[PDB]
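A quick write-up on the structure given underneath.
4 protein chains.
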Amino acid sequence: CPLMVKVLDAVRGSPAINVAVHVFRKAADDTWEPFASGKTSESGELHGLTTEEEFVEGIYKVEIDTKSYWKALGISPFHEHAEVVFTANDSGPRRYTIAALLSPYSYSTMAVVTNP
Amino acid sequence: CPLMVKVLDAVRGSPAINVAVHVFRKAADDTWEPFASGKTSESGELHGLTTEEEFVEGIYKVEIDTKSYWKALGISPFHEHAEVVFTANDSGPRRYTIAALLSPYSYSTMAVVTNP
Amino acid sequence: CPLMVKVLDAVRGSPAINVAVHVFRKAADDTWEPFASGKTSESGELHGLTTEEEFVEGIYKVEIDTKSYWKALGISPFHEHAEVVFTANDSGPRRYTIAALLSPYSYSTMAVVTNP
Amino acid sequence: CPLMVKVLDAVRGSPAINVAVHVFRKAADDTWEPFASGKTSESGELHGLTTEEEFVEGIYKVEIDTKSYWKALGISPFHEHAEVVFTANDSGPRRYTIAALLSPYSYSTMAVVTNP
Numbered sequence: 010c011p012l013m014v015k016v017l018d019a020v021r022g023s024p025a026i027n028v029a030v031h032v033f034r035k036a037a038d039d040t041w042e043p044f045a046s047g048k049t050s051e052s053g054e055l056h057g058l059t060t061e062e063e064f065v066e067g068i069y070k071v072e073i074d075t076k077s078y079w080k081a082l083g084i085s086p087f088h089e090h091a092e093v094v095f096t097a098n099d100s101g102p103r104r105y106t107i108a109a110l111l112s113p114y115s116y117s118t119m120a121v122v123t124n125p
Numbered sequence: 010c011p012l013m014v015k016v017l018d019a020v021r022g023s024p025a026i027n028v029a030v031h032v033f034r035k036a037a038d039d040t041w042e043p044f045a046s047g048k049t050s051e052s053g054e055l056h057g058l059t060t061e062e063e064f065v066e067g068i069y070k071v072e073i074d075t076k077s078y079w080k081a082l083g084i085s086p087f088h089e090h091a092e093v094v095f096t097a098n099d100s101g102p103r104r105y106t107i108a109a110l111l112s113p114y115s116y117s118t119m120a121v122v123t124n125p
Numbered sequence: 010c011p012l013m014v015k016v017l018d019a020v021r022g023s024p025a026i027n028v029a030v031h032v033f034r035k036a037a038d039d040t041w042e043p044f045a046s047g048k049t050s051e052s053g054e055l056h057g058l059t060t061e062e063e064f065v066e067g068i069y070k071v072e073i074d075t076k077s078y079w080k081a082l083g084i085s086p087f088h089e090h091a092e093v094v095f096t097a098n099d100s101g102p103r104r105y106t107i108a109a110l111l112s113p114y115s116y117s118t119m120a121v122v123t124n125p
Numbered sequence: 010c011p012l013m014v015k016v017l018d019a020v021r022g023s024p025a026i027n028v029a030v031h032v033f034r035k036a037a038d039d040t041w042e043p044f045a046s047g048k049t050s051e052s053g054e055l056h057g058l059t060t061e062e063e064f065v066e067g068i069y070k071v072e073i074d075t076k077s078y079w080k081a082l083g084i085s086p087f088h089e090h091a092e093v094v095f096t097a098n099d100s101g102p103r104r105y106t107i108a109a110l111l112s113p114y115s116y117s118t119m120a121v122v123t124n125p
C-alpha cells in the first residue's frame, strides 16, 4: 500500500469516520489533476487509493474535507479543509502514511515515510 | 489589525524567521487572487497584512513556504508548503491569529479568533 | 520575565482563561517543591511567575489543570492534567515560553526559548 | 489489548524505535506504583503491557523517555520526558491507544478510546 490516510478526532477520542478525501497530482500544465478519492472507514483509515505502478513521481495534494465532518456533528469549524502537499517517489518508490488529528480550530498532520 | 500570522520552529524552539507568507482570496472565478504577502519578523510574526476595510467576508488561503525555510537549515522536509484555508465572517468584530508550528515531517496549525 | 505560560483552546479557537497553573522545582530529595502558581488571564497567559534571581538552573515541572477547564465547559476530557517537565540551563540569557494547545483527548505543547 | 502506546518521530518521518516507556498506577497511599514497562518496537508500538484482568479502574501515568531518544540522535531536546496522566476504566473496561508525536521542542499526544 503506497498511500494510506488516517484521520482522528481529538474532541471525541475516536477515529474520524466517513471523512471524504480527495487526492490530486500536479500535471505538466501545472493544474491539479484528480488522482483518487474515497472515504475513511470505521477505523479512520483509507486504503486502496492507488497502486505502486500508478503512483509515479510527482507533486501530490491530499485534501481532507474536515468542514463537512464537523458540521455533521453540530460544530461550526474554522477551516474549510485540511490540505497536505508533497513530492512523492522522487528517489524511488516509497510508502506514505498521512495522518491528521482534527479539532474544530486546529489540526496537526504527520507523514510517515518508509522504504519497502 | 484583523489578521496576524505566527510561525514557530519545533526543532530549534524558536520563532521561524524570514518565512515567506502569501495570502489569497477566493474570486468569483473560483480562482485564488493575490491579496497580501510578507516575510516573518525576528519574532516569527507577520503584521500589517490588511485593514478592517479591505478584509471583507470571504474564503481566504494563507500559504507558508515551509520548504524554503527547512532547506536554509540543511534539513530535508516533507511538505511543499503549509496551507490554511478558512472563511472570514462578520459576527461582531473579529481578529484572526493564524499560528503554525513547524517540524520537518509534521505541522500543526491553530486559529485564535477574538473580539475587541 | 524568564518564564511565561500560554494556554489555548482548540475547540473554541480562544485563549483558555482562568486555568490553574502550578510550577514545581525538583528538590535534592527527588521531590517536587511548590515554586509558583496562578491562573491564566483573559489572553490565556500567565506572567509574573518568577524573577531572574530566583530562576536558577534545575529541573522544573509546569502542571496545567486541564480537567477543571473542560468540566466548566461541559466536556468530558481524557487527561487529569497536562505536565511539562524540563531543565533550565544558563547558556547565555534565556527566556522560556511554554505554550499548550488543548483539546478534550489531545494536547500539544511547545517551548520557545529566546535570548535577550 | 487494553493499553497500547505508539511513538512517532516528526523530524525523521518515522516511528520512534527503542523508546523506553514506564507505566504507573496511583496507589491507595497516593504514591505512583510501577505497573508495566517496555520499549517500542521497529513499528514505534508497544504491545503487551497488561491484560484486561490486571488493568483495573484507576489513575495511570504513562511516561515516555523522550530525552534519551533525542540524545542518541545527537539532539539536545527541551523536555525531560513526556507524561500522559488519565483515569482508566471508570465506566467499565475500555481499550486505550496512547500516541505521541515527538519533536525536540514540542510534542503532541492523542488518546483513542474504544469500547470492545
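As they're listed, the protein sequences go chains A, B, B' and A'. A prime marks a further copy of an entry chain.
Just so you know, we're using the deposited numbering here: the first sequence kicks off at 10 and counts up by one.
Just so you know, we're using the deposited numbering here: the second sequence kicks off at 10 and counts up by one.
Just so you know, we're using the deposited numbering here: the third sequence kicks off at 10 and counts up by one.
Just so you know, we're using the deposited numbering here: the fourth sequence kicks off at 10 and counts up by one.
Idealized CB from N, CA, C, for every residue including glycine.
Nearest-angstrom Cα separation, counted from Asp38 of chain B out to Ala109 of chain A' | Walking along the fourth sequence from the start, residue 109 of chain A' turns up at place 100. Walking along the second sequence from the start, residue 38 of chain B turns up at place 29. In a straight line, the C-alpha of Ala109 of chain A' is about 42 Å away from that of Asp38 of chain B.
In chain order, what residues of the same chain have a beta carbon less than 8 Å from the beta carbon of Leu17 of chain A', not counting five sequence neighbours either side?
-> Position 8 of the fourth sequence, counted from the start, is the residue given in the question as residue 17 of chain A'. Apart from sequence neighbours up to five positions away, the residues of its chain that approach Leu17 of chain A' with a beta-carbon distance below 8 Å are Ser23, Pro24, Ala25, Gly53, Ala108, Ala109, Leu110 and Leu111, ordered along the chain.
Neighbour flag for residue 3 of chain B against chain A', beta carbons, 9 Å = The requested residue 3 of chain B is not part of the displayed model; chain B covers only 10 to 125.
DSSP state of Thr75 of chain B' mapped onto helix, strand, coil | As a first step, residue 75 of chain B' is located in the third sequence; it is residue number 66 there, counting from the start. Assignment of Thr75 of chain B' by DSSP, reduced to helix, strand and coil, places it in the helix class.
Runs of beta strand (DSSP E) wholly within the stretch 36-85 of chain A (minimum 3 residues, chain order) | Runs of the beta strand (DSSP E) inside the stretch 36-85 of chain A: 41-48 and 67-73.
Report the residue from B':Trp79, B':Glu72, B':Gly67 and B':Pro43 whose alpha carbon sits nearest the alpha carbon of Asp99 of chain B'.
-> In the third sequence, residue 99 of chain B' corresponds to position 90, counting from 1. When only C-alpha atoms are compared, the closest one is B':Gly67.
So, is the C-beta of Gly57 of chain B' closer than 9 Å to a C-beta in chain B?
-> One-based indexing of the third sequence puts residue 57 of chain B' at position 48. So no, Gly57 of chain B' is outside the interface.
Cβ-based burial, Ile73 of chain A [other Cβ within 10 Å; buried from 16] = Within the first sequence, residue 73 of chain A is the residue found at index 64, counting from 1. Flag for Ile73 of chain A reads buried.
For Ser100 of chain B', the first and last residue of its enclosing beta strand (DSSP E) | Against the third sequence, residue 100 of chain B' aligns to sequence position 91. Element bounds for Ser100 of chain B': n/a, residue is neither H nor E.
Inter-residue CB distance, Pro113 of chain A and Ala19 of chain B' (contact presumed, cutoff 8 Å) = As a first step, residue 113 of chain A is located in the first sequence; it is residue number 104 there, counting from the start. As a first step, residue 19 of chain B' is located in the third sequence; it is residue number 10 there, counting from the start. About 7 Å; that satisfies the 8 Å criterion.
Quick one: grab the DSSP three-state call for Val32 of chain B'.
-> Position 23 of the third sequence, counted from the first residue, corresponds to residue 32 of chain B'. Annotated three-state conformation of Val32 of chain B' is strand, per DSSP.
Using the Cα positions of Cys10 of chain B' and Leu58 of chain B', report the straight-line distance between them to the nearest angstrom.
-> On the third sequence, residue 10 of chain B' is found 1 positions in, with the first residue counted as 1. On the third sequence, residue 58 of chain B' is found 49 positions in, with the first residue counted as 1. The alpha-carbon of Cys10 of chain B' is positioned some 8 Å away from that of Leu58 of chain B'.
Going by beta carbon distance, what residues of the same chain come within less than 8 Å of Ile84 of chain B', once the five residues before and after it are set aside?
-> By one-based count along the third sequence, residue 84 of chain B' stands at place 75. So the qualifying residues of the chain are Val20 and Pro113.
Using the rule of at least 16 other Cβ atoms within 10 Å of the residue's Cβ for burial, across every protein chain shown, is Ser115 of chain B' buried or exposed?
-> For the purposes of this step, residue 115 of chain B' is taken as residue 106 along the third sequence, with counting starting at 1. With 16 or more other Cβ atoms within 10 Å, it is buried.
Beta-carbon proximity of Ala91 of chain A to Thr118 of chain A, cut-off 9 Å = On the first sequence, position 82 is the one that residue 91 of chain A refers to. On the first sequence, position 109 is the one that residue 118 of chain A refers to. Closer than 9 Å, so yes.
Below-9 Å beta-carbon distance, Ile73 of chain B' vs any chain A residue = Taking the first residue of the third sequence as position 1, residue 73 of chain B' is located at position 64. Not closer than 9 Å to any Cβ of chain A, the Cβ of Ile73 of chain B' fails to qualify, so no.
Determine, using beta carbons only, whether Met13 of chain B' comes closer than 9 Å to chain A'.
-> The count along the third sequence starts at 1 and reaches residue 13 of chain B' at position 4. Interface criterion not met: the Cβ of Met13 of chain B' is under 9 Å from no Cβ in chain A'.
Rounded straight-line distance, which links the Cα of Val65 of chain B' to that of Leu12 of chain A | Counting from one through the first sequence, the residue named residue 12 of chain A turns up at place 3. Counting from one through the third sequence, the residue named residue 65 of chain B' turns up at place 56. Each residue's CA atom was taken as its position, placing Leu12 of chain A and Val65 of chain B' some 49 Å apart.
Where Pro86 of chain A' and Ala36 of chain B are concerned, what is the direct C-alpha to C-alpha distance, given to the nearest angstrom?
-> Taking the first residue of the fourth sequence as 1, we reach residue 86 of chain A' at position 77. Taking the first residue of the second sequence as 1, we reach residue 36 of chain B at position 27. Spanning the two alpha carbons is a distance of roughly 45 Å.
Could you tell me how far apart the beta carbons of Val93 of chain B' and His88 of chain A' are, in whole angstroms, since I believe they sit closer than 8 Å?
-> Along the third sequence, one-based indexing puts residue 93 of chain B' at 84. Along the fourth sequence, one-based indexing puts residue 88 of chain A' at 79. The Cβ separation is near 7 Å, so the contact holds.
DSSP on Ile26 of chain A, reduced to helix/strand/coil?
-> Against the first sequence, residue 26 of chain A aligns to sequence position 17. Reduced to three states, the DSSP call for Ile26 of chain A is coil.
Is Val20 of chain B' helix, strand or coil by DSSP?
-> In the third sequence, the residue the question calls residue 20 of chain B' occupies position 11. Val20 of chain B': coil per DSSP, three-state reduction.
Compute the Euclidean distance between the alpha carbons of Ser77 of chain B and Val28 of chain B, then round it to the nearest angstrom.
-> In the second sequence, counting from the first residue as 1, residue 77 of chain B sits at position 68. In the second sequence, counting from the first residue as 1, residue 28 of chain B sits at position 19. Whole-angstrom Cα-Cα distance: 8 Å.
CB-CB length for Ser46 of chain B' against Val71 of chain B', believed under 8 Å = Position 37 of the third sequence holds residue 46 of chain B'. Position 62 of the third sequence holds residue 71 of chain B'. Your pair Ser46 of chain B' and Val71 of chain B' does not check out as a contact, with CB atoms roughly 10 Å apart and the cut at 8 Å.
Spatial neighbours of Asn124 of chain B' in its chain, beta-carbon cut-off 8 Å, leaving aside the 5 residues before and after | The count along the third sequence starts at 1 and reaches residue 124 of chain B' at position 115. Within the same chain, and ignoring the five residues on either side of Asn124 of chain B' in sequence, the residues whose Cβ sits closer than 8 Å to its Cβ are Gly101, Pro102, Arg103 and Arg104.
Whose C-alpha, out of B':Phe33, B':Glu63, B':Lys15 and B':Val121, is nearest the C-alpha of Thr49 of chain B'?
-> For the purposes of this step, residue 49 of chain B' is identified with residue 40 of the third sequence, where counting begins at 1. Nearest C-alpha to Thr49 of chain B': B':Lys15.
Go ahead and pull the three-state DSSP assignment for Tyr114 of chain A'.
-> Within the fourth sequence, the letter at position 105 stands for residue 114 of chain A'. Residue state, collapsed to three classes: coil.
Indicate whether at least one CB of chain A lies closer than 9 Å to the CB of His88 of chain B.
-> What you label residue 88 of chain B is simply residue 79 of the second sequence in a count that begins at 1. Closer than 9 Å: yes.
In angstroms with no decimal places, state the Cα-to-Cα distance between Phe95 of chain A and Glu51 of chain B.
-> As a working mapping, residue 95 of chain A is identified with position 86 in the first sequence. As a working mapping, residue 51 of chain B is identified with position 42 in the second sequence. Between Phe95 of chain A and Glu51 of chain B, the C-alpha separation is close to 27 Å.
Anything in chain B within Cβ reach of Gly22 of chain B', meaning under 7 Å, just list it in chain order.
-> Counted from its first residue, the third sequence places residue 22 of chain B' at position 13. Ordered by position in chain B, the residues that pass the 7 Å Cβ test against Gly22 of chain B' are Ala120, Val121 and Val122.
Expressed to the nearest angstrom, what Euclidean distance is found between the alpha-carbon atoms of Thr75 of chain A and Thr60 of chain A'?
-> As a working mapping, residue 75 of chain A is identified with position 66 in the first sequence. As a working mapping, residue 60 of chain A' is identified with position 51 in the fourth sequence. Spanning the two alpha carbons is a distance of roughly 36 Å.
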